[PDB]
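Chains as they are written, first to last, in the entry's author numbering: chain RL, 3 to 172, 180 to 221, 225 to 240, 243 to 274, 279 to 337, 350 to 360, 368 to 392, 396 to 416, 422 to 433, 464 to 661, 708 to 871, 878 to 932; chain RJ, 356 to 375, 389 to 414. For reference, the structure discussed in these notes is given below.
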Amino acid sequence: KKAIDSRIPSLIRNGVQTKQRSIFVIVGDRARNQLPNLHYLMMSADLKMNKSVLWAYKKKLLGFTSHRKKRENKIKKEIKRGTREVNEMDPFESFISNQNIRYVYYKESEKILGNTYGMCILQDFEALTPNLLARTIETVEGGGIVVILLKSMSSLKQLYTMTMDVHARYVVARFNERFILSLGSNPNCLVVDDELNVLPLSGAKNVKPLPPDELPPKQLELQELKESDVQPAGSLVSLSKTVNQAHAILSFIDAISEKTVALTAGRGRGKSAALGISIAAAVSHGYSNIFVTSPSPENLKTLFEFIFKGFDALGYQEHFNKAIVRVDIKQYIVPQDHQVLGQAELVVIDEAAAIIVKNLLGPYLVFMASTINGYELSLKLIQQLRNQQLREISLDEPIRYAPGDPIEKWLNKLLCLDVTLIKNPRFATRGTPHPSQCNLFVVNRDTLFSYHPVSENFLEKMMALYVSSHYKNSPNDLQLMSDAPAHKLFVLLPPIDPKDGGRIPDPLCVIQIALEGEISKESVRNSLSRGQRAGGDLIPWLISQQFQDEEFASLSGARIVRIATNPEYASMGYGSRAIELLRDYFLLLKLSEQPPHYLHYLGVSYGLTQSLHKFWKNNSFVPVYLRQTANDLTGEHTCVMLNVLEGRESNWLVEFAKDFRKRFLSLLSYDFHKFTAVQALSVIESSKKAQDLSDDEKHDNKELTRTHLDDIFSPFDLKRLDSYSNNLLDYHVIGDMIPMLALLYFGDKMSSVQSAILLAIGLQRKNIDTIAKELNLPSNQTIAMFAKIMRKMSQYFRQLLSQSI
Amino acid sequence: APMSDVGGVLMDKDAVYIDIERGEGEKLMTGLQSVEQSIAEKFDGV
RNA sequence: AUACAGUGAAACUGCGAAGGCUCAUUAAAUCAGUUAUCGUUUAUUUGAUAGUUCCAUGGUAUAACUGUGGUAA
RNA sequence: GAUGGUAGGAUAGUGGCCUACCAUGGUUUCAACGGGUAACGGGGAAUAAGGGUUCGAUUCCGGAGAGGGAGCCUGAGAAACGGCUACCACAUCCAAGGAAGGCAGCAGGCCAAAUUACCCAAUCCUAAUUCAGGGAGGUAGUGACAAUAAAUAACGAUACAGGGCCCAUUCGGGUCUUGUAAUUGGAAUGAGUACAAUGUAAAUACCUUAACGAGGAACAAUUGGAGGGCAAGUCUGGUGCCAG
C-alpha cells in the first residue's frame, strides 16, 4: 500500500464537481490493471454517475478475451491444474468480469454514435483517427475519464519530443505528435506511469477545488413555470438538457403548433440534442398537427429522432435495410429521399435534415418547413432562407452532457473544428494586387503541424480555408492532409510587406499520384502491408487503359478553396492555379520560398471533382483537358464524377489529346443511358473536349469527313426521302425519329450549328421529346424553335445528299 | 465497501492508498517530471 | 554416443467410467424352474484345426510441425 | 390374421412375424374370455436365526424416461443414461452478425436446511499385468427423542449434651442410646488429565495400560411439595393492646 499523488484523485473530484471530462494517458506494460482503480475513483467521486465503459481497440485485446464463458472455463481448468485457488480474482479480472464494457473496433466507431458512457479506454495509440477521437470523447459524459494507453515506440517519441521540438525517426505521422503537444497544453489531462507515478509534462499543478448551477436552476424555474398540460408533458420529456434546448423546443412549439407557412430551421453543434428536440417535438406536432408529416433525413440514419418520437409517444399516449415504416394507434410519417413526393406532398409539415441545397429548395416549398442544421454552406442556406416563408429560425449551442469543457476545447483545437470568417487582411484592393501578382508559397507541413501558437493560428486559418464551404470533408481528411507522404500545399495569401500578420487567400492541396514516387512509396508501404494513394491514375488506367498514363507521374488536386467574399475570390483562385502551373513548369520555418521554385518530375496535372457548372467554368479557365468521367450517381449530391487532367510536361500532348478524343467519343453515346443533365453544360463539355483535342493535336487525330457510301449505309434512301418531306413539309416522327440518331451522331461528329440548332442537336442526342428540352432551356417560341430545328435538319440533309448522292 | 480496500484502493480521508523504455520512464519520473515546465515554447516568440 | 539413445508441457495411441433416479398400477403373458434349438447368434474361456507359379524388397498422400491469417467466440 | 394350408419377404434363425391365394376355422361349464385390491403387497424370491410362530434375510411391483413424440448410427451384446438429423417449446452467451445443451435436473425446507471426508486393506470385477484401477464396495465424522448399567462416598476414633421417637378428636398414653454446620484419623478409588502399545490401508472407537488425580472429598445432581418464624417496616378493617 502506498499513497499515490495529491493530484490524480483531486482531478477526478473536481472533474465531477464541475461536470467536466478528464483525460489520463498511461504508459508502460502493466497499465491494464490500473483501470479498476481509476474506475473505482470515478464512481466513488460521485455515485450518481453512469457506469458503462468503452474499450475501443483496433485488432486484438491486451491480455484478455472479452468472452466470459471462455475465460470462465479457462479459469476452471486453471483450478483443475492447481496454480490458483478457487475464490481468487485479481482486480483486472474482476473489473472485466463485473463491469459493463462495450467493445468496438477502431473501424466500426460509427456504431456507437448515440449512447453514453462514463469511461472510455482507448487501447492503441499509434493509430488514432480524429473522427474516432471526436466520436468517443463526445460520448464520454461530464463525470468522465478518457484513458489512453501507450507503447514503447510512443515512449521513445515522448522522451524525444518532451524536451523541446525533436521527433521520431521512422509515411511519417505528425498527428500523434500534435496530439502529444495538445495533451501537454491541456489542464484536464495528465500522463501517468504504469506504477501510478506522475509525469508533470502535461498539466503539472492541480489543486483540490473547494467543496460546494444558475442556468440549470433557471431551467428548472422556467420548466416549472411552463408546467403550472400535454405541452408541459412534452416539455419535461424533452428538457433533459440545457435551458437553451428547452427554450428552442418551446419556441419551435409556439411558432409551429397552430401557425400553418413558417420556415423554422434550428442550427446547432454535434451536442445539445437537435435530433432529440426534433423527435420530442414530433409527438406534440402529431397531437396539434396534420395527419401526415414528411421527414427528409438520410435513409436509415434517423436514430435519435425516431427514438425520441417513439419515446415521447409512449410518454404521452401510445399502444431491405431496416424498418422506417409509419405507425399509428389512435398519424403518418415517412423518412423519404429527394422530392419524388411532389405530388405526394399533401402533408402540411415537412422536417428536413442538415445539408443538397437545390434538392432542399425543391422539397421545401408548400408546407411548414422544419429543418435541422447540424454543424458537425450554412451561410448560403441562411441566405436562401432570407431570400424567400415567415422564417422564425433560431437555435443555440449550450452543451448537453456538460455545461462547458476543457476536454471539448482541446478536442476542437486538435481536430480543428473551430473557424473564423474575419478578414484580417492588408486591404481588399491590395489583395487584388496579389491577384495581379499571382504569388504563392509552400506550406512546410512538418513545422506547420508542430503545434506552436502563431503557427496553430495560421493553421486554423488554413483549415478554415481548406474546409470553408467545401464538398463535405472530415477530420480523417485533415489527418490525410497532415500525415501522408504524397502531399503538399500552397498558401498564396499576402503580397504586402507589413509586420507579423496576413491571411489565407487560396489553399490548394496536391497529391503526387506518381509512377516513380508512388512506386517508391508503395514498395515501401507493402512491407507495412497496406496503402491506397493512386486514384486519378488508376481511374484512367482502367477506363482508357493507357501505358502512357501508367508510366507518367501525376499531380492530383485533393482540394482547393478560396475566400467566400466575391468574384475576386474566384479570380484569386485562378491566379493561385496559374501560379501553381508556373511553379510546376518553371527546427523549420512555417513557409517556403526557394522550395516554391522546386518541384518533382511530374507529367500530368489533374483535378478530380463532381460535375458542377462553376467547377466546369473553373476547369475551362484552367483549360486542363476534360477527361473521362463516371455517371454513377454518388448519392451525396447525385453529381457525376469527372477528373479533368492537363498535360504540362515535355512530350505527352498526343497521349492527352487522344484521351480527350476517346472521352469525347464515349460521351455522346453515354449521354443516352445515364447523362440527362443539361444542354448548355453538355455543349460546354463537348466544347471542352474538342478544345483539348485542338490544343493538344497538330494534325494527328484529325478525322476525315462523312464518306459517301458509308453515309449512304448509315441512313436510308427512304429516310432521306422523309428528310426531304420534312424539308418541304412537316417534320413529324415518321421521318424525324428513325434518322435522328444518325443525325445527332454525325452532327456532333463533324458545317456549323446555331445556339438553337446546337440545343436541337443535343436534344436529339438526349432523345427527349419536343416540348421538354427546348421549352425548359429557351422557354420562348416553342413551335418556332421546332421549325428552326427542322430547318437545320433540312440543311444537314441537303448537305449530306448534295455531298454523297 | 468504502473505508476499506475493494481490490487495492484503500480510501483514507483525502488520500488514496494503492499498491503494486524502462529506464526512460524511470528517469522521466525521477528527474524529468516537472523539468518540462519551461520547455513549452522552444523559442516560440509569437 | 555428429542417422536413435534420459527428464518430458500439448497431440495420436491401448483402455477408464463395465451399470444410477422418478413416474402410470401387469393375475403363471411380470416372474421362477424346466424341455429343446441337426429351429439360431456369439467377443472372450477351453479342446482341436490349411498343398493351382510361359517372354535382395513395391506408390504418392496426409499428420504432428512450421508459416500466413480470419472471428466476440 | 381370427384358425390352418402353399409360396415368397424379413430374420440370428423356427414361426400368419408380414403380404398374395385358398379353406371357415379355434378356445370354452373338465371353467374360455372378462372383474380388483391390505398386485408401498404378493408369489419360496431367498437367508435362515437353539422358543419371535404369518415382525424376523433379500431378487422382482408392471413397463417406460433421459424436455416431447419421429427417423437414423455404433457394437460379441443396444432400438445406448455417454451420437446425429428434422419439427415444437424451454433456455444461456452475444460486439445482434451467429455458436449452443439440456441443470423444465437432483439434493433440501414447509425454531435439529452442515451428510457430498479417507481407502481398494477386505469381497468381487476389469486389466497388455509378477504393477494398474473400480463414488462397485469398505471405513470414519456431524446430526440425543431420559432407552441403558455405574458414581456423587466408605470406615473408625474422640468430645459434649439429655432427650429423641410413636399413637390419639380430647385429656393424655406408649417406648427407648439418642443427638451435634462438635472435633478428628488414615485407607479406598472413580470421573478427569495422560505414557503408551494394540487395533486398523490409515485414523477413530472398543480392549490392555504405566504417571498425576478428593476433602466445602468446591472434582459444587436436580425437581416438586408441606410448614413456620422475624422488623422502631407497610396496608386494610373497628366496640383500646385486636383481627386480617
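For every residue, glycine included, the Cβ atom is placed at its ideal position computed from N, Cα and C.
I'd like to know whether the C-beta of residue i is nearer than 9 Å to at least one C-beta of chain RL.
i: residue 393 of chain RJ; result: yes
i: residue 359 of chain RJ; result: no
Strictly under 9 Å for the Cβ-Cβ distance: is residue i near chain RJ by that measure?
i: residue 166 of chain RL; result: yes
i: residue 279 of chain RL; result: no
i: residue 171 of chain RL; result: no
i: residue 32 of chain RL; result: yes
i: residue 573 of chain RL; result: no
i: residue 38 of chain RL; result: yes
i: residue 268 of chain RL; result: no
i: residue 217 of chain RL; result: yes
i: residue 528 of chain RL; result: yes
i: residue 209 of chain RL; result: yes
i: residue 395 of chain RL; result: Here chain RL breaks off after 392 and picks up again at 396, leaving residue 395 of chain RL without coordinates.
i: residue 120 of chain RL; result: no
i: residue 306 of chain RL; result: no
i: residue 2 of chain RL; result: There is simply no residue 2 of chain RL to check, as chain RL begins at 3 and stops at 932 in what is shown.
i: residue 645 of chain RL; result: no
i: residue 203 of chain RL; result: yes
i: residue 300 of chain RL; result: no
i: residue 492 of chain RL; result: no
i: residue 708 of chain RL; result: yes
i: residue 43 of chain RL; result: yes
At 9 Å on the CB atoms, spell out the chain RJ contacts of residue i, in chain order.
i: residue 161 of chain RL; result: 389, 392, 393, 395, 396, 400
i: residue 46 of chain RL; result: 357, 364, 366
i: residue 534 of chain RL; result: By Cβ distance, chain RJ contributes nothing, its closest Cβ being about 13 Å from residue 534 of chain RL, past 9 Å.
i: residue 649 of chain RL; result: Chain RJ residues near residue 649 of chain RL: none, gap ~33 Å exceeds 9 Å.
I believe residue i touches residue j by the beta-carbon criterion, under 8 Å. Please report the beta-carbon distance rounded to the nearest angstrom.
i: residue 58 of chain RL; j: residue 108 of chain RL; result: 6 Å
i: residue 11 of chain RL; j: residue 363 of chain RJ; result: Not a contact, Cβ separation roughly 14 Å.
i: residue 371 of chain RJ; j: residue 639 of chain RL; result: About 53 Å; that fails the 8 Å criterion.
i: residue 637 of chain RL; j: residue 645 of chain RL; result: 7 Å
i: residue 429 of chain RL; j: residue 397 of chain RL; result: 7 Å
i: residue 921 of chain RL; j: residue 847 of chain RL; result: 6 Å
i: residue 578 of chain RL; j: residue 500 of chain RL; result: 5 Å
i: residue 281 of chain RL; j: residue 409 of chain RL; result: 4 Å
Here's a check: name, in chain order, each residue in its chain whose Cβ is nearer than 7 Å to the Cβ of residue i, leaving out the five neighbours to either side.
i: residue 521 of chain RL; result: 183, 709
i: residue 898 of chain RL; result: 909
i: residue 758 of chain RL; result: 396, 731
i: residue 489 of chain RL; result: 187, 188, 191
i: residue 503 of chain RL; result: none
Interface residues of chain RL around residue i at Cβ under 7 Å?
i: residue 370 of chain RJ; result: 5
Within its chain, find whatever has a CB closer than 6 Å to the CB of residue i; leave out the 5 residues flanking it on each side and keep chain order.
i: residue 144 of chain RL; result: 21, 476, 477
i: residue 883 of chain RL; result: 912, 915
i: residue 124 of chain RL; result: 58, 150
i: residue 782 of chain RL; result: 814, 822
Under 7 Å Cβ-Cβ, which residues of chain RJ neighbour residue i?
i: residue 206 of chain RL; result: 397
i: residue 550 of chain RL; result: Simply none; closest approach about 25 Å.
i: residue 213 of chain RL; result: 402, 405
So with CB distances below 8 Å, who are the chain RJ contacts of residue i?
i: residue 240 of chain RL; result: Those do not exist, as residue 240 of chain RL stays about 41 Å from chain RJ at its closest Cβ, beyond 8 Å.
i: residue 420 of chain RL; result: Chain RL lacks coordinates between 416 and 422, the interval that contains residue 420 of chain RL.
i: residue 199 of chain RL; result: In chain order: nothing, as chain RJ lies at least about 11 Å away.
(request) Could you please tell me which residues of the region 125 to 157 of chain RL, in chain order, have their CB closer than 7 Å to any CB of chain RJ? (result) 154, 157
(request) Determine which residues of the region 6 to 32 of chain RL have a Cβ less than 7 Å from any Cβ of chain RJ, and write them out in chain order. (result) 6, 11, 29, 30
(message) Can you pull out the residues from the region 92 to 107 of chain RL whose beta carbon lies closer than 9 Å to at least one beta carbon of chain RJ?
(response) 92, 93, 96, 97
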